[PDB]
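Below: one structure, written as structure tokens.
4 protein chains.
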Amino acid sequence: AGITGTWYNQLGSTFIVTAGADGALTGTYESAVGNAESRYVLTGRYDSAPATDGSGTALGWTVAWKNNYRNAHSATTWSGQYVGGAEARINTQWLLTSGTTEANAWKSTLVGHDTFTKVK
Amino acid sequence: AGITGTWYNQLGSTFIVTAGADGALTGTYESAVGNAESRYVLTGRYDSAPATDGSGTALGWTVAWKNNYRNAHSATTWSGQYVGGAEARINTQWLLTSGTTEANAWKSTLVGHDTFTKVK
Amino acid sequence: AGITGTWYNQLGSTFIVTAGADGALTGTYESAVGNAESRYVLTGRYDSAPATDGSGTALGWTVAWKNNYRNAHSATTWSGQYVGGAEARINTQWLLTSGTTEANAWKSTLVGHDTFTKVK
Amino acid sequence: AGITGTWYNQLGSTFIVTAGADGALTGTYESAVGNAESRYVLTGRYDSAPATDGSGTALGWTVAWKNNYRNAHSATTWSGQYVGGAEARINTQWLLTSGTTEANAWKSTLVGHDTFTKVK
Ligand SMILES: O=C(O)CCCC[C@@H]1SC[C@@H]2NC(=O)N[C@@H]21
Ligand SMILES: O=C(O)CCCC[C@@H]1SC[C@@H]2NC(=O)N[C@@H]21
Ligand SMILES: O=C(O)CCCC[C@@H]1SC[C@@H]2NC(=O)N[C@@H]21
Ligand SMILES: O=C(O)CCCC[C@@H]1SC[C@@H]2NC(=O)N[C@@H]21
């Protein structure tokens with residue numbers, strides 16, 4: 039109900055997710071940036087029984103950057119929390135790992151942050 | 039074939055994963071450490087068509103720290119790569135996000151690294 | 039000139055820095071949050087000869103969370119870049135490491151992000 | 039005494055540091071890898087009064103990747119802890135930020151880990 043929907047980050051990327059009663063996140067990610075084109079499968083987990091003390095719902099998900107059209111040979115993971123209310127928000131940090139040789143493996147992982155809203 | 043199996047990190051945690059032809063990672067994670075007990079659902083993605091130039095296979099997965107017995111109100115995501123061969127290895131970095139209030143949200147996310155092997 | 043001044047993050051923390059011609063950052067950090075009180079020494083480095091193609095100036099600094107009044111047994115490092123202009127900005131990611139036992143060393147390092155402005 | 043000396047990471051990079059009574063880290067970093075050549079200035083902070091319960095000494099430092107010969111337009115920060123004894127160790131996580139345009143700023147920051155020893 040809270041986590042299920044279409045979400046928009048600060049850089050124009052669309053996250054369409056369903057939050058299953060089991061704790062399963064399933065969906066699609068459409069990336070407005072990077073070496074990516076069009077629509078990619080999303081899987082993840084959330085806290086299906088969160089704390090009743092104004093605390094956020096912990097969640098996470100993975101996109102492997104491969105569809106029928108593109109393969110970037112990379113995967114992003116987002117770790118974050120859902121803050122429910124009027125201005126509903128998913129505050130995340132992410133790791134983008136690229137498939138490298140063992141000589142290039144030191145420089146394989148980019149780190150960043152995304153804030154997602156239900157407002158396009 | 040390569041990614042499918044039972045994997046062991048440096049701190050004694052067991053990762054039992056199946057790598058589907060679609061790019062789906064499904065499994066269980068058993069955590070030897072932290073505010074955790076017993077067995078937790080794992081979902082993730084991998085690069086199902088990796089590069090043929092000695093480069094690793096990009097992957098990632100999520101565990102929400104909630105089963106039938108425990109709820110830590112937290113989720114870990116691992117971002118990494120599979121290096122195939124005799125000494126087969128998953129080199130990862132991870133983000134552990136805890137469900138917090140907006141006052142505690144600065145301190146919500148632990149970062150670290152895990153190396154997983156097929157040797158117990 | 040650009041980097042030298044008083045800077046304010048999103049959570050009300052004050053960063054007073056001098057950018058030396060050698061590439062040295064020296065200053066004080068006053069933390070509005072965490073297990074901290076009052077004023078702490080800052081040292082760091084910046085790119086003293088940045089690129090002339092609209093690119094930001096790479097920098098970084100360290101605060102050990104120990105003064106004459108408090109010791110949190112911890113250190114934060116910020117890694118980022120200075121974007122110069124009318125709305126002058128330091129966009130950073132940070133690592134906060136706490137002094138732990140080898141049993142607690144997995145959970146020693148918090149990760150986050152700060153944006154600093156010259157507007158209080 | 040403990041932190042003062044010559045340190046060697048897993049990838050052959052040399053860290054020569056002095057730990058001042060004030061909490062100041064001063065030195066040189068010689069990087070065996072990346073778009074770097076030869077010797078670079080290091081500044082940082084450590085916990086000058088650590089806990090007496092077998093806990094590590096929190097520290098951190100910055101290298102801006104600019105000397106008289108090279109400028110990579112980038113800075114690394116290491117956040118970590120000193121574990122003293124027979125097999126003396128600095129366990130770190132690091133952030134490498136590159137000077138980018140605001141279009142490339144999502145991909146500006148690499149994350150990783152280094153373990154440093156006093157054995158070449
Ligand atoms: O460039 C690549 O290697 C593949 C595309 C990566 C897209 C990145 S992942 C972090 C950030 N979140 C997004 O909305 N997309 C970018
Ligand atoms: O303590 C918690 O909040 C829940 C358990 C967390 C387990 C952590 S996640 C990173 C690391 N990988 C493991 O094998 N388990 C620990
Ligand atoms: O709580 C502690 O262990 C010591 C204080 C930490 C202050 C943190 S560091 C990251 C962030 N930046 C700030 O302005 N202060 C907080
Ligand atoms: O390639 C660059 O942009 C400059 C050189 C970076 C060297 C990296 S920083 C992290 C790691 N630690 C080292 O010993 N050097 C590499």
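Chains A, B, C and D are the protein sequences, given in the same order.
Mapping of the first sequence onto full-length UniProt numbering: position 67 corresponds to residue 105, and the numbering continues sequentially without gaps.
Mapping of the second sequence onto full-length UniProt numbering: position 91 corresponds to residue 129, and the numbering continues sequentially without gaps.
Mapping of the third sequence onto full-length UniProt numbering: position 58 corresponds to residue 96, and the numbering continues sequentially without gaps.
Mapping of the fourth sequence onto full-length UniProt numbering: position 1 corresponds to residue 39, and the numbering continues sequentially without gaps.
Note that beta-carbon positions come from the ideal geometry of N, C-alpha and C, so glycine has one too.
Listed along the chain, the chain B residues whose CB falls inside 7 Å of the CB of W144 of chain C are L49, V71, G150. Each of A:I128, A:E125, A:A102 was checked against the Cα of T81 of chain A, and the nearest Cα belongs to A:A102.
Counting only the Cα atoms, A87 of chain D lies some 38 Å from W144 of chain D. For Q119 of chain A, the closest Cβ of chain C is not nearer than 9 Å. Contacts between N109 of chain B and chain A, judged by CB atoms closer than 8 Å, involve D85, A87 in chain order. What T147 of chain C touches in chain B, judged by beta-carbon distance under 8 Å, is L148, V149, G150, going in chain order. Taking 8 Å as the upper bound for CB-CB distance, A96 of chain C and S136 of chain D are in contact here, some 6 Å apart. If you look at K104 of chain D, you'll find it in the beta strand (DSSP E) that goes 95-104. At a cut-off of 8 Å, the beta-carbon of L133 of chain B does not count as near ligand 3: no heavy atom of the ligand is closer than that. DSSP, read as helix, strand or coil, puts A59 of chain C in coil. Note that the C-beta distance between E140 of chain D and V121 of chain C is below 9 Å.
Placement of the Cβ of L49 of chain D at a distance of less than 8 Å from at least one heavy atom of ligand 4 is found.
Here the C-alpha atom of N129 of chain C lies approximately 40 Å from the C-alpha atom of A59 of chain B. In the three-state scheme derived from DSSP, where H, G and I count as helix and E and B as strand, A87 of chain C is classed as coil. Between ligand 2 and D85 of chain A, a heavy atom-to-CB distance of less than 8 Å is absent.
Membership of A113 of chain A in the beta strand (DSSP E) is indicated by the continuous run 109-121.
At a cut-off of 9 Å between beta carbons, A96 of chain D contacts chain C. Taking the Cβ of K156 of chain D as the reference point, every heavy atom of ligand 3 lies at 8 Å or farther away.
In this structure, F154 of chain A sits away from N73 of chain A, with a CB-CB distance that is not shorter than 9 Å.
Within the model, the alpha-carbon separation for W99 of chain D versus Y84 of chain D is close to 9 Å.
No heavy atom of ligand 2 is found nearer than 8 Å to the CB of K145 of chain B. If you draw a straight line from the Cα of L49 of chain C to the Cα of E68 of chain C, it comes to about 11 Å.
Looking at the backbone, the Cα of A70 of chain A and that of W45 of chain C are separated by about 31 Å.
Ranking C:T90, C:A89, C:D91, C:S51 by CA distance to the CA of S76 of chain C puts C:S51 first. Of all alpha-carbon atoms in C:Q131, C:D152, C:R127, the one lying nearest the alpha-carbon of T42 of chain C is that of C:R127. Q119 of chain B is positioned such that its CB atom lies no closer than 9 Å to that of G150 of chain D.
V79 of chain C and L148 of chain A have their C-alpha atoms some 29 Å from each other. 9 Å or more divides the Cβ of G61 of chain A from the Cβ of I54 of chain A. Taking 9 Å as the threshold, the shortest C-beta distance from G65 of chain B to chain A does not fall below it. Using a 10 angstroms sphere on the CB of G94 of chain D, the tally of other CB atoms reaches 16 or more, which defines it as buried. Leaving aside the five residues that flank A124 of chain D on each side, none in its chain has a CB nearer than 7 Å to its CB. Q131 of chain C is bridged by DSSP to C:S117, C:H151. The straight-line gap separating the alpha-carbon atoms of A57 of chain C and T90 of chain A is approximately 47 Å. For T44 of chain D, the uninterrupted beta strand (DSSP E) segment begins and ends at 43-47.
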